[PDB]
>>> print(open('final16.tsv').read())   # TSV, N, CA and C atoms
chain	number	residue	atom	x	y	z
A	1	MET	N	-30.79	10.54	0.39
A	1	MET	CA	-29.94	9.79	-0.57
A	1	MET	C	-29.85	10.55	-1.89
A	2	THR	N	-28.68	10.98	-2.27
A	2	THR	CA	-28.53	11.73	-3.54
A	2	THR	C	-27.18	11.40	-4.18
A	3	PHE	N	-27.19	10.89	-5.39
A	3	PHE	CA	-25.91	10.55	-6.06
A	3	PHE	C	-25.84	11.27	-7.41
A	4	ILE	N	-26.04	12.56	-7.42
A	4	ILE	CA	-25.99	13.32	-8.70
A	4	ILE	C	-24.92	14.41	-8.61
A	5	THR	N	-24.94	15.21	-7.58
A	5	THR	CA	-23.92	16.29	-7.45
A	5	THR	C	-23.66	16.58	-5.97
A	6	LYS	N	-22.91	17.62	-5.69
A	6	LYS	CA	-22.61	17.97	-4.28
A	6	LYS	C	-21.71	16.90	-3.65
A	7	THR	N	-20.56	17.31	-3.18
A	7	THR	CA	-19.62	16.33	-2.55
A	7	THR	C	-20.36	15.61	-1.41
A	8	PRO	N	-19.70	14.65	-0.80
A	8	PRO	CA	-20.28	13.87	0.31
A	8	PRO	C	-20.28	14.70	1.60
A	9	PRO	N	-20.87	14.16	2.63
A	9	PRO	CA	-20.97	14.84	3.93
A	9	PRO	C	-19.62	14.80	4.66
A	10	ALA	N	-19.52	15.52	5.75
A	10	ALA	CA	-18.24	15.55	6.51
A	10	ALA	C	-17.83	14.13	6.92
A	11	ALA	N	-18.52	13.56	7.86
A	11	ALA	CA	-18.18	12.18	8.32
A	11	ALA	C	-17.84	11.30	7.12
A	12	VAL	N	-18.78	11.04	6.26
A	12	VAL	CA	-18.50	10.18	5.08
A	12	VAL	C	-17.19	10.63	4.42
A	13	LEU	N	-17.17	11.80	3.85
A	13	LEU	CA	-15.92	12.29	3.20
A	13	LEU	C	-14.75	12.10	4.15
A	14	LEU	N	-15.00	12.26	5.42
A	14	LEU	CA	-13.91	12.09	6.42
A	14	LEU	C	-13.50	10.62	6.44
A	15	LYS	N	-14.46	9.74	6.52
A	15	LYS	CA	-14.14	8.28	6.53
A	15	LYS	C	-13.36	7.94	5.26
A	16	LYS	N	-13.71	8.55	4.17
A	16	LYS	CA	-12.98	8.27	2.90
A	16	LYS	C	-11.60	8.90	2.97
A	17	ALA	N	-11.56	10.19	3.13
A	17	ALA	CA	-10.26	10.91	3.19
A	17	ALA	C	-9.45	10.48	4.42
A	18	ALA	N	-9.81	10.97	5.58
A	18	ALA	CA	-9.05	10.62	6.82
A	18	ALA	C	-9.40	9.20	7.29
A	19	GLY	N	-10.48	8.64	6.83
A	19	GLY	CA	-10.84	7.27	7.28
A	19	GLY	C	-10.14	6.23	6.41
A	20	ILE	N	-9.14	6.63	5.68
A	20	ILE	CA	-8.39	5.68	4.81
A	20	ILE	C	-9.37	4.72	4.11
A	21	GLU	N	-8.85	3.68	3.52
A	21	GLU	CA	-9.73	2.70	2.82
A	21	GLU	C	-10.89	2.30	3.72
A	22	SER	N	-10.60	1.87	4.92
A	22	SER	CA	-11.69	1.46	5.85
A	22	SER	C	-11.10	0.67	7.02
A	23	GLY	N	-10.18	1.26	7.73
A	23	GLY	CA	-9.57	0.55	8.89
A	23	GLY	C	-10.66	0.11	9.86
A	24	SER	N	-11.82	0.68	9.75
A	24	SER	CA	-12.93	0.30	10.67
A	24	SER	C	-14.03	-0.40	9.88
A	25	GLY	N	-14.80	0.34	9.13
A	25	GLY	CA	-15.90	-0.28	8.35
A	25	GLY	C	-17.16	-0.31	9.23
A	26	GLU	N	-16.99	-0.52	10.50
A	26	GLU	CA	-18.15	-0.55	11.43
A	26	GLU	C	-17.71	0.01	12.78
A	27	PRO	N	-17.26	1.24	12.76
A	27	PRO	CA	-16.78	1.94	13.97
A	27	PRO	C	-17.96	2.40	14.83
A	28	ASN	N	-17.68	3.19	15.84
A	28	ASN	CA	-18.77	3.69	16.72
A	28	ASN	C	-18.26	4.86	17.55
A	29	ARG	N	-17.43	4.59	18.53
A	29	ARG	CA	-16.90	5.70	19.38
A	29	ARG	C	-15.40	5.51	19.58
A	30	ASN	N	-14.76	4.78	18.70
A	30	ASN	CA	-13.29	4.56	18.83
A	30	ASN	C	-12.55	5.49	17.87
A	31	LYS	N	-11.30	5.22	17.62
A	31	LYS	CA	-10.52	6.08	16.68
A	31	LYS	C	-9.73	5.18	15.72
A	32	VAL	N	-9.84	5.43	14.44
A	32	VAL	CA	-9.09	4.58	13.47
A	32	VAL	C	-8.18	5.46	12.61
A	33	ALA	N	-8.33	6.75	12.70
A	33	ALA	CA	-7.48	7.65	11.88
A	33	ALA	C	-7.27	8.98	12.61
A	34	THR	N	-6.12	9.58	12.45
A	34	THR	CA	-5.86	10.88	13.12
A	34	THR	C	-5.14	11.81	12.14
A	35	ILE	N	-5.62	13.01	11.98
A	35	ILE	CA	-4.97	13.96	11.03
A	35	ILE	C	-5.00	15.36	11.62
A	36	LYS	N	-4.17	16.24	11.14
A	36	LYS	CA	-4.17	17.63	11.68
A	36	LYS	C	-5.22	18.44	10.92
A	37	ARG	N	-5.23	19.74	11.09
A	37	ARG	CA	-6.23	20.57	10.36
A	37	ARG	C	-5.88	20.60	8.88
A	38	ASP	N	-4.69	20.20	8.54
A	38	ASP	CA	-4.27	20.19	7.11
A	38	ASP	C	-5.19	19.28	6.30
A	39	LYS	N	-5.59	18.17	6.85
A	39	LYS	CA	-6.49	17.24	6.11
A	39	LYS	C	-7.92	17.72	6.22
A	40	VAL	N	-8.38	17.98	7.42
A	40	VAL	CA	-9.76	18.48	7.58
A	40	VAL	C	-9.84	19.83	6.87
A	41	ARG	N	-8.70	20.40	6.59
A	41	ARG	CA	-8.68	21.71	5.88
A	41	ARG	C	-9.06	21.47	4.42
A	42	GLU	N	-8.28	20.68	3.74
A	42	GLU	CA	-8.57	20.37	2.32
A	42	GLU	C	-9.92	19.66	2.24
A	43	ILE	N	-10.16	18.76	3.16
A	43	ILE	CA	-11.44	18.02	3.17
A	43	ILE	C	-12.61	19.01	3.17
A	44	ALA	N	-12.65	19.91	4.11
A	44	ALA	CA	-13.76	20.90	4.15
A	44	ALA	C	-13.75	21.71	2.86
A	45	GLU	N	-12.60	21.94	2.29
A	45	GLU	CA	-12.54	22.72	1.02
A	45	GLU	C	-13.35	22.00	-0.05
A	46	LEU	N	-13.25	20.70	-0.10
A	46	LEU	CA	-14.03	19.94	-1.11
A	46	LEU	C	-15.52	20.13	-0.83
A	47	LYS	N	-15.94	19.84	0.37
A	47	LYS	CA	-17.37	20.01	0.73
A	47	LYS	C	-17.66	21.49	1.02
A	48	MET	N	-16.72	22.36	0.77
A	48	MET	CA	-16.95	23.81	1.06
A	48	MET	C	-18.02	24.37	0.11
A	49	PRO	N	-17.79	24.23	-1.17
A	49	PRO	CA	-18.73	24.72	-2.19
A	49	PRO	C	-19.95	23.81	-2.24
A	50	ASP	N	-20.63	23.67	-1.13
A	50	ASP	CA	-21.83	22.80	-1.07
A	50	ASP	C	-22.23	22.61	0.39
A	51	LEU	N	-21.28	22.68	1.29
A	51	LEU	CA	-21.60	22.50	2.73
A	51	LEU	C	-22.10	23.83	3.30
A	52	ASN	N	-22.83	23.79	4.38
A	52	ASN	CA	-23.34	25.05	4.99
A	52	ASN	C	-22.28	25.64	5.93
A	53	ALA	N	-21.06	25.20	5.81
A	53	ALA	CA	-19.99	25.74	6.69
A	53	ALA	C	-20.06	27.26	6.70
A	54	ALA	N	-19.28	27.89	7.54
A	54	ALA	CA	-19.30	29.38	7.60
A	54	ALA	C	-17.91	29.92	7.28
A	55	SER	N	-16.97	29.05	7.02
A	55	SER	CA	-15.59	29.51	6.71
A	55	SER	C	-14.63	28.33	6.87
A	56	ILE	N	-13.39	28.51	6.50
A	56	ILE	CA	-12.41	27.40	6.64
A	56	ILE	C	-12.45	26.86	8.07
A	57	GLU	N	-11.98	27.62	9.02
A	57	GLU	CA	-12.00	27.14	10.43
A	57	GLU	C	-13.42	26.69	10.79
A	58	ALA	N	-14.41	27.32	10.23
A	58	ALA	CA	-15.82	26.93	10.54
A	58	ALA	C	-16.10	25.54	9.97
A	59	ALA	N	-15.73	25.30	8.74
A	59	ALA	CA	-15.98	23.96	8.14
A	59	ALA	C	-15.26	22.90	8.96
A	60	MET	N	-13.99	23.08	9.16
A	60	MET	CA	-13.21	22.11	9.96
A	60	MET	C	-13.81	22.03	11.36
A	61	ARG	N	-14.35	23.11	11.85
A	61	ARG	CA	-14.97	23.08	13.20
A	61	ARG	C	-16.05	22.00	13.21
A	62	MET	N	-17.00	22.09	12.33
A	62	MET	CA	-18.07	21.06	12.26
A	62	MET	C	-17.47	19.76	11.71
A	63	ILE	N	-16.66	19.86	10.69
A	63	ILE	CA	-16.04	18.64	10.11
A	63	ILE	C	-15.26	17.90	11.21
A	64	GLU	N	-14.57	18.62	12.05
A	64	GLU	CA	-13.79	17.96	13.13
A	64	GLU	C	-14.74	17.20	14.06
A	65	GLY	N	-15.46	17.91	14.89
A	65	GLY	CA	-16.41	17.22	15.81
A	65	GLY	C	-17.17	16.14	15.04
A	66	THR	N	-17.31	16.32	13.76
A	66	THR	CA	-18.04	15.31	12.94
A	66	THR	C	-17.20	14.03	12.85
A	67	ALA	N	-15.94	14.16	12.54
A	67	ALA	CA	-15.07	12.95	12.44
A	67	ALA	C	-15.09	12.18	13.76
A	68	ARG	N	-15.10	12.87	14.86
A	68	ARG	CA	-15.10	12.17	16.18
A	68	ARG	C	-16.33	11.26	16.28
A	69	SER	N	-17.38	11.57	15.58
A	69	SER	CA	-18.60	10.72	15.65
A	69	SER	C	-18.39	9.44	14.83
A	70	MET	N	-17.26	9.31	14.19
A	70	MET	CA	-17.00	8.09	13.38
A	70	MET	C	-15.72	7.40	13.87
A	71	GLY	N	-14.60	7.73	13.29
A	71	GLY	CA	-13.32	7.10	13.72
A	71	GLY	C	-12.15	7.90	13.15
A	72	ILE	N	-12.17	9.19	13.30
A	72	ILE	CA	-11.06	10.02	12.75
A	72	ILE	C	-10.89	11.26	13.63
A	73	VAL	N	-9.75	11.39	14.25
A	73	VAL	CA	-9.50	12.57	15.13
A	73	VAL	C	-8.92	13.73	14.32
A	74	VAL	N	-8.82	14.89	14.91
A	74	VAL	CA	-8.26	16.06	14.18
A	74	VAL	C	-7.46	16.93	15.15
A	75	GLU	N	-6.30	17.36	14.74
A	75	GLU	CA	-5.47	18.22	15.64
A	75	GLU	C	-5.47	19.66	15.11
A	76	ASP	N	-5.85	20.60	15.93
A	76	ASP	CA	-5.88	22.01	15.48
A	76	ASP	C	-4.45	22.56	15.42
>>> encode(input="final16.tsv", output="structure tokens")
Amino acid sequence: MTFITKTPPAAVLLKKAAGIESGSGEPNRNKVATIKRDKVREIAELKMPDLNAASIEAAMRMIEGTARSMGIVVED
């Protein structure tokens, strides 16, 4: 738990960005939002300067499979 610096994690930031306000709120293995790499692109850019990603496609790579663990799909 840290609320001082460093953007949020992929899933969380994903739920906020691609997860809209909260079409789910208590999701699990379903889908509530779908975006192309354009969103997971900018999204990873925010958590880029703080995430252990390895590059743009690399951040979205983990950020993508990450969104699937919540309720947001991603199209390459």
>>> select_by_dssp(input="final16.tsv", residues="segment 8-57 of chain A", states="strand (DSSP E)", output="PDB file with N, CA and C atoms, keeping the file's coordinate frame")
ATOM      1  N   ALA A  33      -8.330   6.750  12.700  1.00  0.00           N
ATOM      2  CA  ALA A  33      -7.480   7.650  11.880  1.00  0.00           C
ATOM      3  C   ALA A  33      -7.270   8.980  12.610  1.00  0.00           C
ATOM      4  N   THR A  34      -6.120   9.580  12.450  1.00  0.00           N
ATOM      5  CA  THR A  34      -5.860  10.880  13.120  1.00  0.00           C
ATOM      6  C   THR A  34      -5.140  11.810  12.140  1.00  0.00           C
ATOM      7  N   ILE A  35      -5.620  13.010  11.980  1.00  0.00           N
ATOM      8  CA  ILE A  35      -4.970  13.960  11.030  1.00  0.00           C
ATOM      9  C   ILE A  35      -5.000  15.360  11.620  1.00  0.00           C
ATOM     10  N   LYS A  36      -4.170  16.240  11.140  1.00  0.00           N
ATOM     11  CA  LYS A  36      -4.170  17.630  11.680  1.00  0.00           C
ATOM     12  C   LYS A  36      -5.220  18.440  10.920  1.00  0.00           C
TER      13      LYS A  36
END
>>> residues_around(input="final16.tsv", residues="segment 49-64 of chain A", least_positions_apart="2", cutoff="8 Å", atoms="only C-alpha atoms", output="list in words")
residues 6, 7, 9, 10, 11, 14, 37, 40, 41, 44, 45, 46, 47, 66, 67, 68, 73 and 74 of chain A
>>> atom_distance(input="final16.tsv", atom1="atom N of residue 5 of chain A", atom2="atom CA of residue 42 of chain A")
19.8 Å
>>> residues_around(input="final16.tsv", residues="residue 72 of chain A", least_positions_apart="5", cutoff="7 Å", atoms="only C-alpha atoms", output="list in words")
residues 18, 19, 31, 32, 33, 34 and 67 of chain A
>>> atom_distance(input="final16.tsv", atom1="atom C of residue 28 of chain A", atom2="atom CA of residue 71 of chain A")
6.6 Å
>>> atom_distance(input="final16.tsv", atom1="atom C of residue 70 of chain A", atom2="atom N of residue 25 of chain A")
8.6 Å
>>> select_by_dssp(input="final16.tsv", residues="chain A", states="alpha helix (DSSP H)", output="PyMOL selection string")
chain A and resi 10-17+37-46+56-68
>>> build_atoms(input="final16.tsv", residues="segment 33-45 of chain A", atoms="N, CA, C and O atoms", output="compact mmCIF listing (two decimals), keeping the file's coordinate frame")
# COMPACT_ATOMS: atom_id res chain seq x y z
N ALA A 33 -8.33 6.75 12.70
CA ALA A 33 -7.48 7.65 11.88
C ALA A 33 -7.27 8.98 12.61
O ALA A 33 -8.15 9.47 13.30
N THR A 34 -6.12 9.58 12.45
CA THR A 34 -5.86 10.88 13.12
C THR A 34 -5.14 11.81 12.14
O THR A 34 -4.16 11.44 11.53
N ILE A 35 -5.62 13.01 11.98
CA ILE A 35 -4.97 13.96 11.03
C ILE A 35 -5.00 15.36 11.62
O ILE A 35 -5.78 15.66 12.50
N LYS A 36 -4.17 16.24 11.14
CA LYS A 36 -4.17 17.63 11.68
C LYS A 36 -5.22 18.44 10.92
O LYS A 36 -6.02 17.90 10.18
N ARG A 37 -5.23 19.74 11.09
CA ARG A 37 -6.23 20.57 10.36
C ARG A 37 -5.88 20.60 8.88
O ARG A 37 -6.68 20.97 8.05
N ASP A 38 -4.69 20.20 8.54
CA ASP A 38 -4.27 20.19 7.11
C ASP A 38 -5.19 19.28 6.30
O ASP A 38 -5.54 19.58 5.17
N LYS A 39 -5.59 18.17 6.85
CA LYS A 39 -6.49 17.24 6.11
C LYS A 39 -7.92 17.72 6.22
O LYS A 39 -8.62 17.88 5.24
N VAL A 40 -8.38 17.98 7.42
CA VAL A 40 -9.76 18.48 7.58
C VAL A 40 -9.84 19.83 6.87
O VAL A 40 -10.90 20.33 6.57
N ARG A 41 -8.70 20.40 6.59
CA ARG A 41 -8.68 21.71 5.88
C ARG A 41 -9.06 21.47 4.42
O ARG A 41 -10.05 21.97 3.93
N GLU A 42 -8.28 20.68 3.74
CA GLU A 42 -8.57 20.37 2.32
C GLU A 42 -9.92 19.66 2.24
O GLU A 42 -10.73 19.92 1.37
N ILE A 43 -10.16 18.76 3.16
CA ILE A 43 -11.44 18.02 3.17
C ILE A 43 -12.61 19.01 3.17
O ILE A 43 -13.47 18.97 2.31
N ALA A 44 -12.65 19.91 4.11
CA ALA A 44 -13.76 20.90 4.15
C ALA A 44 -13.75 21.71 2.86
O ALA A 44 -14.79 22.12 2.37
N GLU A 45 -12.60 21.94 2.29
CA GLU A 45 -12.54 22.72 1.02
C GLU A 45 -13.35 22.00 -0.05
O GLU A 45 -14.06 22.61 -0.82
